[PDB]
Protein chains: 2
Amino acid sequence: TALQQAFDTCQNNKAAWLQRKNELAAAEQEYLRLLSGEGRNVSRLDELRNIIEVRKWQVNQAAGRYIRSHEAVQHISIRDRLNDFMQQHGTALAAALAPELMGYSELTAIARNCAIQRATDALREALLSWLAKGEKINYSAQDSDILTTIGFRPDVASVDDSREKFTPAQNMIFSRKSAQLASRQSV
Amino acid sequence: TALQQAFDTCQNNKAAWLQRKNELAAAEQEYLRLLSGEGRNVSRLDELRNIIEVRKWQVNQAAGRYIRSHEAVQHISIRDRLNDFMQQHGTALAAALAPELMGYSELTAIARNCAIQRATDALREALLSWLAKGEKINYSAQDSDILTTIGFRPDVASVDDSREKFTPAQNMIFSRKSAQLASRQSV
């Protein structure tokens, strides 16, 4: 259920990001149509500029949160699949790299780290050979639906929106802007 | 079939290392008994000191090349075992890491490197989870005899004398002195 929990977390994050970008687009089109009009309304255009700026900041933050949630759900799926599969095949995987496993319990910390790094490097060449052979494969059978729905990669729109970042001072300034807009808009 | 070559290389390296060790022991014991003896030939003492130092250098080099051969044969055995293991159960391994392996062909250098790094982190966490329970195992069935006869790690006597490092000029002058010793003892 934990994988399902992360899946629905990412789904509602995606929904929030989508509605945020829809609101941003509506604000932008309203601003441009008002600018096309003959009315001056300097205060109106200034407040619309502030609104669109804070809304695009919110869209960027939502995209970043969606990226983090997607990474989290992929990571938890990876860890659970690896745990269950290795439990099903503990002996085979252990004997594959056996000569560097005995004595691990009492091994010194530096030697322990060096041994596990050597094991990872040994698996690196197996992964390289597997990708060189380039066999076609899909997600795990047990959670194929969740992994297909979550997508192999996040949407490119979130990638380009999250490409640019902001300094923490601007982050907190925009957080205050969001708080005040929510406060004065609820009335 | 390079495993057999590595095995016999390790065997003859061990034989040469034992020969160097026993000849060094003989040289040092005869030097000690001549020191305790009534003889006062200072030239004999100086030449015995030269023999002792050159034999110590030869033993150090033999230990170094034995360590290199042992690590080489261990790497070859690990590579072969992992290769046949992935040829046996590699599809399930690829499925377990599917969320970061799809479309590897068209990925750029940075994307491929990051995906490989994430896969290494995943397998590292799986390995540490497996090692947490401390499930004891043995050597690989196909090549158990070679691993047993080469040992899990080289003995202390092969590393305790190899903890001293020589500058390249020292190595060159010791090589020249060893060549002179061989030339003078051949006649």
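The record names cryo-EM as the way this model was obtained, at a resolution of 3.9 Å.

(A) Fine view of the packing of helix 1 (residues 2-36) of chain B against helix 2 (residues 42-96) of chain B. Residue and element names in this part refer to chain B. For the pair helix 1 and helix 2, interaxial distance at closest approach is 8 Å and the crossing angle is 160 degrees. By the criterion of interaxial angle, the relationship of helix 1 to helix 2 is roughly antiparallel. As helix 1 packs across helix 2, the resulting crossing turns out to be left-handed.

(B) How the structure looks around the side chain of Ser69(A). Residues and elements named next belong to chain A. Following the sequence through the fold, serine 69 ends up in helix 2 (residues 42-88). Only 3.4 Å separates the side chain of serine 69 from the backbone nitrogen of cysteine 10, close enough to count as a polar contact. Look past the residues within four positions of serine 69 in its chain and what remains in contact with it is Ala6, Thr9, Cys10 and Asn13.

(C) View of the relation of the copies chain B and chain A. By a simple turn and slide, chain B fits onto chain A: the slide is 0.4 Å along the axis, the RMSD is 0.7 Å, and the turn is 180 degrees. Interpreted geometrically, this transformation is the action of a two-fold axis. For chain B, the minimum C-alpha distance to the rotation axis belongs to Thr120(B) and amounts to 3.2 Å. When the interface residues of chain B are mapped onto chain A, 98% of them again lie at the interface, so the same face is used by both copies.

(D) Just empty space enclosed by the protein, in detail. This model, assessed by the stated rule, comprises 4 cavities of 30 Å³ or more. A volume near 60 Å³ is recorded for the largest cavity. Together, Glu100(A), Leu101(A), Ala115(A), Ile116(A), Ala119(A), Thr120(A), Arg124(B), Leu127(B) and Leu131(B) line the largest cavity. When residues of the lining of the largest cavity are traced back to their parent elements, those giving at least two are helix 4 (109-133) of chain A together with helix 3 (109-133) of chain B. Of the residues forming the lining of the largest cavity, the biggest block, 4 residues, is contributed by helix 4 of chain A.

(E) Focus on the layout of surface pockets. Estimates place the volume of the largest pocket at around 580 Å³. Looking at side-chain class alone, the lining of the largest pocket contains 24 nonpolar, 4 polar and 2 charged residues. At the level of secondary structure, the elements contributing two or more residues to the lining of the second largest pocket comprise helix 4 of chain A together with helix 2 of chain B. When the residues that make up the lining of the second largest pocket are grouped by side-chain class, the tally is 7 nonpolar, 3 polar and 7 charged.

(F) Quick look at the environment of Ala63(A). Summarising the element assignment, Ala63(A) is placed in helix 2. Each C-alpha atom, one on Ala63(A) and one on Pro154(A), is 9.7 Å from the other, the two residues being 91 residues apart in sequence.

(G) Region of the structure containing the interface of chain B and chain A. Counting residues at the interface gives 42 residues for chain B and 48 residues for chain A. Across the interface of chain B and chain A, roughly 4300 Å² is buried in total on both sides, 75% from carbon and sulfur atoms. For the pair chain B and chain A, the interface holds 2 residue pairs in polar contact. Of all the secondary-structure elements, those providing two or more residues to the side of chain B that touches chain A are helix 2 and helix 3 of chain B. The element contributing the most residues to the side of chain B that touches chain A is helix 2 of chain B, with 16 residues. In terms of residue class, the side of chain B that touches chain A is built from 25 nonpolar, 9 polar and 8 charged.

Scoring rules and cut-offs
- Residues numbered from 1 in each chain as written, not as in the entry; some residues may be left out.
- Chains lettered and ligands numbered in written order.
- Part of a larger assembly, values for the part shown.
- Heavy atoms only, no water.
- Axes fitted to C-alpha atoms, helices over the stretch in contact; angles between N-to-C directions.
- Helix = DSSP H or I, 4+ residues; strand = E, 2+ residues; numbered from the N terminus.
- Parallel < 35°, antiparallel > 145°, perpendicular 65-115°, else oblique.
- Left-handed = near helix turned anticlockwise from the far one by under 90°.
- Polar contact = N/O pair within 3.5 Å; in protein donor to acceptor, adjacent residues only side chain to side chain.
- Contact = heavy atoms within 4.5 Å.
- Least-squares fit on C-alpha atoms.
- 1 Å grid on protein atoms, 1.4 Å probe; cavity = no way out; pocket = protein on both sides within 12 Å on 5 of 7 lines; lining within 4 Å.
- Points joined across faces, edges and corners; volume = space filled by probe spheres on them.
- Nonpolar A, V, L, I, M, F, W, Y, C, P; charged D, E, K, R; others polar.
- Buried area = accessible area lost by both parts, 1.4 Å probe.

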